[PDB]
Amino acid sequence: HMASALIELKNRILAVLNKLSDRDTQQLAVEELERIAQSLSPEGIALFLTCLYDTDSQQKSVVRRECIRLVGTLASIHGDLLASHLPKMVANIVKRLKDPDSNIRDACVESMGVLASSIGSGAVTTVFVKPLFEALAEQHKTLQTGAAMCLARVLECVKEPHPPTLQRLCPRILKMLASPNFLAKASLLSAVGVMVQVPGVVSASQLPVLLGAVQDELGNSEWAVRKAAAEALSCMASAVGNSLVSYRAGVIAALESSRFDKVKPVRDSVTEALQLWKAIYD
């Protein structure tokens, strides 16, 4: 009775998902799919997700771009009633972090924001972050650059950020910054820039350690990692400057050197940061 309804649901969904391939029908098709998603049982949800997870797999770009968006769109329509699926959902977005396609990457980040804001205190935040760390541990660049961007988007969107679980994170970030086989330092630096702006993510006692870590990447030989390092320093200035006044002399000294950098984008970045660290009073 219900089970044959689900087969008929699948049929209706598949019928629309094929309209995502043709480009003139693409938005008709998403609109249809969002309408299908608005009226849906628990079991209809699970079926719908299923369909998204399969069509996710590796066959055309616009299609999996849009299936990733709809994982997001689901979350924002149903909130908590969709909560126990969160792990399969996260797992299925992280899987696509591997594609060296920035359209997919953008979709993946965006959806993770939506998930984080829409769905569900406590170790809800665990179910989002563990997969990203496992991703950052894997040795691919495309993957760890993207997991870095998701990690940022997630922390600034998460509705109820358990600080305890979030504060056990800074140790592993330090470790990834220290290692010289970490392939994504520039993006991970960016993420630190966001994380210090997010109340409750970095305990004040870990800020100084992390400032060291960041300031050391002004000596990296990837110029994009040095640029990112300056930028992260600017972020810590306007965000937590006054928390770090003791270290101010240090940072300005570092940057007074770094501003002579061979590479204009590094100079330009170091310049903004220097002015900002010079601007702290409070």
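For every residue, the number given is its place in the sequence shown, counted from 1.
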None, 1 to 3, 4 to 9, or 10 or more: how many residues of the deposited sequence lack coordinates between residue 161 and residue 162? none
Comparing mean C-alpha B factor in the record for 164-172 and 99-107, the higher one is 164-172
On mean C-alpha B-factor from the PDB entry, just flag whether 50-58 or 28-36 is the higher one. 50-58
Between 230, 253, 63, 213, where does the Cα B-factor run highest in the record? 63
From the entry's CA B-factor values, the highest among 240, 249, 70, 225 is 240
What third of the chain, by the recorded C-alpha B-factor, contains residue 185? middle
By the entry's values, the third containing the CA B factor of residue 92 is the highest
Tell me, lowest, middle or highest third: where does the Cα B factor of residue 154 rank within its chain? lowest
Give the position of residue 2 by CA B-factor within its chain, expressed as the lowest, middle or highest third. highest
Which third, lowest, middle or highest, does the CA B-factor of residue 259 fall in along this chain? lowest
